[PDB]
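The file final32.csv contains CSV, N, CA and C atoms:
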chain,number,residue,atom,x,y,z
K,14,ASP,N,0.8,-1.2,0.0
K,14,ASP,CA,0.0,0.0,0.0
K,14,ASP,C,0.9,1.3,0.0
K,15,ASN,N,1.3,1.7,1.2
K,15,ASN,CA,2.2,2.8,1.3
K,15,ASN,C,3.6,2.4,0.8
K,16,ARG,N,4.4,3.4,0.3
K,16,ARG,CA,5.7,3.1,-0.3
K,16,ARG,C,6.8,3.6,0.7
K,17,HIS,N,7.3,4.8,0.5
K,17,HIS,CA,8.3,5.3,1.5
K,17,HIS,C,7.5,5.6,2.8
K,18,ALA,N,6.3,5.9,2.6
K,18,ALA,CA,5.4,6.1,3.7
K,18,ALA,C,5.2,4.8,4.6
K,19,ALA,N,5.6,3.7,4.1
K,19,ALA,CA,5.6,2.4,4.9
K,19,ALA,C,6.6,2.6,6.1
K,20,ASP,N,7.6,3.4,6.0
K,20,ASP,CA,8.6,3.7,7.0
K,20,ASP,C,7.9,4.4,8.2
K,21,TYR,N,6.8,5.1,7.8
K,21,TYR,CA,5.9,5.8,8.7
K,21,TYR,C,5.3,4.9,9.8
K,22,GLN,N,5.1,3.6,9.4
K,22,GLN,CA,4.5,2.6,10.3
K,22,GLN,C,5.4,2.4,11.5
K,23,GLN,N,6.7,2.4,11.3
K,23,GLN,CA,7.6,2.2,12.4
K,23,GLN,C,7.6,3.5,13.3
K,24,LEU,N,7.4,4.6,12.7
K,24,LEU,CA,7.2,5.8,13.5
K,24,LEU,C,5.9,5.8,14.3
K,25,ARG,N,4.9,5.4,13.7
K,25,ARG,CA,3.6,5.3,14.2
K,25,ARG,C,3.6,4.5,15.5
K,26,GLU,N,4.2,3.3,15.4
K,26,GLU,CA,4.4,2.4,16.5
K,26,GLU,C,5.2,3.0,17.6
K,27,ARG,N,6.4,3.6,17.2
K,27,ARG,CA,7.3,4.2,18.2
K,27,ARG,C,6.7,5.3,19.0
K,28,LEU,N,5.9,6.1,18.4
K,28,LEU,CA,5.3,7.2,19.1
K,28,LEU,C,4.3,6.8,20.1
K,29,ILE,N,3.5,5.9,19.7
K,29,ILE,CA,2.5,5.2,20.6
K,29,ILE,C,3.2,4.7,21.8
K,30,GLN,N,4.3,4.0,21.6
K,30,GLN,CA,5.1,3.3,22.6
K,30,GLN,C,5.9,4.3,23.4
K,31,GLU,N,6.4,5.4,22.8
K,31,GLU,CA,7.2,6.3,23.5
K,31,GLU,C,6.4,7.2,24.4
K,32,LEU,N,5.3,7.7,23.9
K,32,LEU,CA,4.4,8.6,24.7
K,32,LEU,C,3.5,7.8,25.7
K,33,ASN,N,3.7,6.5,25.8
K,33,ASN,CA,3.0,5.6,26.7
K,33,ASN,C,1.5,5.7,26.3
K,34,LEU,N,1.2,5.8,25.1
K,34,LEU,CA,-0.1,6.0,24.6
K,34,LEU,C,-0.6,4.8,23.8
K,35,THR,N,-1.8,4.8,23.5
K,35,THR,CA,-2.4,3.7,22.8
K,35,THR,C,-2.9,4.2,21.4
K,36,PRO,N,-3.1,3.3,20.4
K,36,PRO,CA,-3.5,3.6,19.0
K,36,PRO,C,-4.8,4.4,19.0
K,37,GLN,N,-5.6,4.2,20.0
K,37,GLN,CA,-7.0,4.9,20.0
K,37,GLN,C,-6.9,6.2,20.9
K,38,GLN,N,-5.7,6.5,21.4
K,38,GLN,CA,-5.5,7.6,22.1
K,38,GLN,C,-4.6,8.6,21.3
K,39,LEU,N,-3.6,8.0,20.8
K,39,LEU,CA,-2.7,8.7,19.9
K,39,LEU,C,-3.2,8.5,18.5
K,40,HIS,N,-4.1,9.3,18.0
K,40,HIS,CA,-4.5,9.2,16.7
K,40,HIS,C,-3.6,10.0,15.9
K,41,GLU,N,-3.6,9.9,14.6
K,41,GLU,CA,-2.5,10.5,13.7
K,41,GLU,C,-2.7,12.0,13.5
K,42,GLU,N,-3.8,12.6,13.7
K,42,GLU,CA,-4.0,14.0,13.5
K,42,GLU,C,-3.8,14.8,14.8
K,43,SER,N,-3.7,14.0,15.8
K,43,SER,CA,-3.5,14.6,17.1
K,43,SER,C,-2.1,15.2,17.3
K,44,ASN,N,-2.0,16.4,17.8
K,44,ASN,CA,-0.8,17.1,18.0
K,44,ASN,C,0.1,16.4,18.9
K,45,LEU,N,1.3,16.1,18.5
K,45,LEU,CA,2.2,15.3,19.4
K,45,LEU,C,2.7,16.1,20.5
K,46,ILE,N,2.9,17.4,20.3
K,46,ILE,CA,3.4,18.2,21.4
K,46,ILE,C,2.3,18.3,22.5
K,47,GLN,N,1.1,18.4,22.1
K,47,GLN,CA,-0.1,18.4,23.0
K,47,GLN,C,-0.3,17.1,23.6
K,48,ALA,N,0.4,16.1,23.1
K,48,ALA,CA,0.3,14.7,23.6
K,48,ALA,C,1.5,14.3,24.5
K,49,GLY,N,2.4,15.3,24.7
K,49,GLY,CA,3.6,15.0,25.5
K,49,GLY,C,4.9,14.9,24.8
K,50,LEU,N,4.9,15.1,23.5
K,50,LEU,CA,6.1,15.0,22.7
K,50,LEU,C,6.7,16.4,22.5
K,51,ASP,N,7.7,16.6,23.2
K,51,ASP,CA,8.5,17.9,23.3
K,51,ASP,C,9.2,18.2,22.0
K,52,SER,N,10.0,19.2,22.0
K,52,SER,CA,10.6,19.7,20.7
K,52,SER,C,11.9,19.1,20.6
K,53,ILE,N,12.3,18.4,21.6
K,53,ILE,CA,13.6,17.7,21.6
K,53,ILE,C,13.4,16.4,20.9
K,54,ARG,N,12.3,15.7,21.3
K,54,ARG,CA,11.9,14.5,20.7
K,54,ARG,C,11.6,14.8,19.2
K,55,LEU,N,10.9,15.9,18.9
K,55,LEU,CA,10.5,16.3,17.6
K,55,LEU,C,11.8,16.4,16.7
K,56,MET,N,12.8,17.1,17.2
K,56,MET,CA,14.0,17.3,16.5
K,56,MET,C,14.8,16.0,16.4
K,57,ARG,N,14.8,15.2,17.4
K,57,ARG,CA,15.4,13.9,17.5
K,57,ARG,C,14.8,13.0,16.4
K,58,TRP,N,13.5,13.2,16.2
K,58,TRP,CA,12.8,12.4,15.1
K,58,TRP,C,13.2,12.8,13.7
K,59,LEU,N,13.7,14.1,13.6
K,59,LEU,CA,14.2,14.5,12.3
K,59,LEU,C,15.6,13.8,12.1
K,60,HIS,N,16.3,13.5,13.2
K,60,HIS,CA,17.5,12.7,13.2
K,60,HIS,C,17.2,11.3,12.8
K,61,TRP,N,16.0,10.9,12.8
K,61,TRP,CA,15.6,9.7,12.3
K,61,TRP,C,15.3,9.9,10.8
K,62,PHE,N,14.4,10.8,10.5
K,62,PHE,CA,13.9,11.1,9.1
K,62,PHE,C,15.1,11.4,8.1
K,63,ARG,N,16.0,12.4,8.5
K,63,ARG,CA,17.1,12.7,7.6
K,63,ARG,C,18.1,11.6,7.4
K,64,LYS,N,18.1,10.8,8.3
K,64,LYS,CA,19.0,9.7,8.3
K,64,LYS,C,18.5,8.5,7.5
K,65,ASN,N,17.1,8.5,7.4
K,65,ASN,CA,16.4,7.6,6.5
K,65,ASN,C,16.3,8.1,5.1
K,66,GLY,N,16.9,9.2,4.9
K,66,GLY,CA,17.0,9.8,3.5
K,66,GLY,C,15.9,10.8,3.3
K,67,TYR,N,15.2,11.3,4.4
K,67,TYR,CA,14.2,12.3,4.2
K,67,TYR,C,14.7,13.7,4.3
K,68,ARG,N,14.4,14.4,3.2
K,68,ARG,CA,14.8,15.8,3.1
K,68,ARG,C,13.7,16.6,3.7
K,69,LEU,N,13.6,16.5,5.0
K,69,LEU,CA,12.7,17.3,5.8
K,69,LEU,C,13.5,18.2,6.7
K,70,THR,N,13.0,19.3,7.0
K,70,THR,CA,13.6,20.2,7.9
K,70,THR,C,12.7,20.4,9.2
K,71,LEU,N,13.3,20.8,10.3
K,71,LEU,CA,12.7,20.9,11.6
K,71,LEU,C,11.4,21.7,11.6
K,72,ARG,N,11.4,22.8,10.9
K,72,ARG,CA,10.3,23.7,10.9
K,72,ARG,C,9.0,23.1,10.4
K,73,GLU,N,9.1,22.3,9.3
K,73,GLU,CA,8.0,21.7,8.7
K,73,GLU,C,7.3,20.7,9.6
K,74,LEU,N,8.1,19.9,10.3
K,74,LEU,CA,7.5,18.9,11.3
K,74,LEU,C,7.1,19.6,12.5
K,75,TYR,N,7.7,20.7,12.8
K,75,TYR,CA,7.5,21.5,14.0
K,75,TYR,C,6.2,22.2,13.9
K,76,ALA,N,5.8,22.7,12.7
K,76,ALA,CA,4.6,23.5,12.5
K,76,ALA,C,3.4,22.6,12.6
K,77,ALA,N,3.5,21.4,12.1
K,77,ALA,CA,2.4,20.4,12.2
K,77,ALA,C,2.9,19.1,12.7
K,78,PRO,N,3.1,18.9,14.0
K,78,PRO,CA,3.6,17.7,14.6
K,78,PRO,C,2.5,16.8,14.8
K,79,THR,N,2.2,16.0,13.7
K,79,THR,CA,1.1,15.1,13.7
K,79,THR,C,1.6,14.0,12.7
K,80,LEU,N,1.2,12.8,13.1
K,80,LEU,CA,1.5,11.6,12.2
K,80,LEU,C,0.9,11.8,10.8
K,81,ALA,N,-0.4,12.3,10.8
K,81,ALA,CA,-1.1,12.5,9.6
K,81,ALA,C,-0.4,13.4,8.6
K,82,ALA,N,0.0,14.5,9.0
K,82,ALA,CA,0.7,15.4,8.2
K,82,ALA,C,2.1,14.9,7.8
K,83,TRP,N,2.8,14.3,8.8
K,83,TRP,CA,4.1,13.7,8.6
K,83,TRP,C,4.1,12.7,7.6
K,84,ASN,N,3.1,11.8,7.6
K,84,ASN,CA,2.8,10.8,6.6
K,84,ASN,C,2.9,11.4,5.2
K,85,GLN,N,2.1,12.5,5.0
K,85,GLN,CA,2.1,13.3,3.8
K,85,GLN,C,3.5,13.8,3.5
K,86,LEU,N,4.1,14.4,4.5
K,86,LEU,CA,5.4,15.0,4.4
K,86,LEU,C,6.5,13.9,4.1
K,87,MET,N,6.2,12.7,4.3
K,87,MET,CA,7.1,11.6,4.0
K,87,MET,C,7.1,11.2,2.6
K,88,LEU,N,5.9,11.0,2.1
K,88,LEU,CA,5.7,10.6,0.8
K,88,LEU,C,5.7,11.7,-0.3
K,89,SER,N,4.9,12.8,0.0
K,89,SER,CA,4.7,13.8,-1.0
K,89,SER,C,5.9,14.7,-1.3
K,90,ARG,N,7.1,14.4,-0.8
K,90,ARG,CA,8.3,15.2,-1.1
K,90,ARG,C,9.4,14.2,-1.3
K,91,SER,N,9.1,12.9,-1.5
K,91,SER,CA,10.1,12.0,-1.8
K,91,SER,C,9.9,11.4,-3.2
K,92,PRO,N,10.9,10.8,-3.9
K,92,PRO,CA,10.7,10.2,-5.2
K,92,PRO,C,9.9,8.9,-5.1
K,93,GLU,N,8.8,8.9,-5.7
K,93,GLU,CA,7.9,7.8,-5.7
K,93,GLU,C,7.4,7.5,-7.1

Could you rewrite the structure in this file as structure tokens?
Amino acid sequence: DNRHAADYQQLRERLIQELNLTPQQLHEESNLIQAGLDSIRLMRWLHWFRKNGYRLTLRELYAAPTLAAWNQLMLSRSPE
């Protein structure tokens, strides 16, 4: 189904597990900062993304810290 966006699945799992949240509590459009994910974690996640070959910058993820938008940001700016 998803392509580069399949990498997002590992993120989706990790966030749920890091925030001590559940898939029905941490929904993907839910703001991660508002869910307990600080800006350190946020940037740390970019250390994941850029290292996975994602040409994302901090501001873009920072403006909309949500799995939903990030999913879009993963796929819609990568070669697919």

At what distance in Å, to one decimal, does atom N of residue 46 of chain K lie from atom CA of residue 76 of chain K?
-> 10.0 Å

Kindly provide, as JSON, the centre and edge lengths (Å, one decimal) of an axis-aligned box around all atoms of segment 86-89 of chain K given in the file, with 5 Å on each side.
{"center_x": 5.6, "center_y": 12.8, "center_z": 1.6, "size_x": 13.0, "size_y": 14.4, "size_z": 15.8}

Determine which residues of chain K receive a DSSP assignment of alpha helix (DSSP H), computed from the backbone, and state them as a ChimeraX atom specification.
-> /K:20-31,52-62,71-76,80-88

For the point (14.2, 20.0, 8.1) in file coordinates, what residues are within 12 Å, counting only C-alpha atoms? Give the answer as a compact mmCIF listing (two decimals) with N, CA and C atoms, in the frame of the given file?
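Result file point.txt:
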# COMPACT_ATOMS: atom_id res chain seq x y z
N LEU K 55 10.90 15.90 18.90
CA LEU K 55 10.50 16.30 17.60
C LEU K 55 11.80 16.40 16.70
N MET K 56 12.80 17.10 17.20
CA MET K 56 14.00 17.30 16.50
C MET K 56 14.80 16.00 16.40
N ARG K 57 14.80 15.20 17.40
CA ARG K 57 15.40 13.90 17.50
C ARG K 57 14.80 13.00 16.40
N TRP K 58 13.50 13.20 16.20
CA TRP K 58 12.80 12.40 15.10
C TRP K 58 13.20 12.80 13.70
N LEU K 59 13.70 14.10 13.60
CA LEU K 59 14.20 14.50 12.30
C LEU K 59 15.60 13.80 12.10
N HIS K 60 16.30 13.50 13.20
CA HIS K 60 17.50 12.70 13.20
C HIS K 60 17.20 11.30 12.80
N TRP K 61 16.00 10.90 12.80
CA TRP K 61 15.60 9.70 12.30
C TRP K 61 15.30 9.90 10.80
N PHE K 62 14.40 10.80 10.50
CA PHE K 62 13.90 11.10 9.10
C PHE K 62 15.10 11.40 8.10
N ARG K 63 16.00 12.40 8.50
CA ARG K 63 17.10 12.70 7.60
C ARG K 63 18.10 11.60 7.40
N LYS K 64 18.10 10.80 8.30
CA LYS K 64 19.00 9.70 8.30
C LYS K 64 18.50 8.50 7.50
N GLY K 66 16.90 9.20 4.90
CA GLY K 66 17.00 9.80 3.50
C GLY K 66 15.90 10.80 3.30
N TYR K 67 15.20 11.30 4.40
CA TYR K 67 14.20 12.30 4.20
C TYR K 67 14.70 13.70 4.30
N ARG K 68 14.40 14.40 3.20
CA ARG K 68 14.80 15.80 3.10
C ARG K 68 13.70 16.60 3.70
N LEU K 69 13.60 16.50 5.00
CA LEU K 69 12.70 17.30 5.80
C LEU K 69 13.50 18.20 6.70
N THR K 70 13.00 19.30 7.00
CA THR K 70 13.60 20.20 7.90
C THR K 70 12.70 20.40 9.20
N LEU K 71 13.30 20.80 10.30
CA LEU K 71 12.70 20.90 11.60
C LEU K 71 11.40 21.70 11.60
N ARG K 72 11.40 22.80 10.90
CA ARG K 72 10.30 23.70 10.90
C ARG K 72 9.00 23.10 10.40
N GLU K 73 9.10 22.30 9.30
CA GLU K 73 8.00 21.70 8.70
C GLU K 73 7.30 20.70 9.60
N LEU K 74 8.10 19.90 10.30
CA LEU K 74 7.50 18.90 11.30
C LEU K 74 7.10 19.60 12.50
N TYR K 75 7.70 20.70 12.80
CA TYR K 75 7.50 21.50 14.00
C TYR K 75 6.20 22.20 13.90
N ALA K 76 5.80 22.70 12.70
CA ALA K 76 4.60 23.50 12.50
C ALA K 76 3.40 22.60 12.60
N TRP K 83 2.80 14.30 8.80
CA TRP K 83 4.10 13.70 8.60
C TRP K 83 4.10 12.70 7.60
N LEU K 86 4.10 14.40 4.50
CA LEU K 86 5.40 15.00 4.40
C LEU K 86 6.50 13.90 4.10
N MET K 87 6.20 12.70 4.30
CA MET K 87 7.10 11.60 4.00
C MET K 87 7.10 11.20 2.60
N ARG K 90 7.10 14.40 -0.80
CA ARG K 90 8.30 15.20 -1.10
C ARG K 90 9.40 14.20 -1.30

Exercise: segment 21-27 of chain K partners within 8 Å, only N, CA and C atoms, chain neighbours under 5 positions left out, as a ChimeraX atom specification = /K:16,32-33,36,80,83-84,87

Option closest in space to residue 93 of chain K, from K:17, K:43, K:48, K:79 [counting only N, CA and C atoms] | K:17

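Straight-line separation from atom CA of residue 52 of chain K to atom CA of residue 31 of chain K: 14.1 Å.
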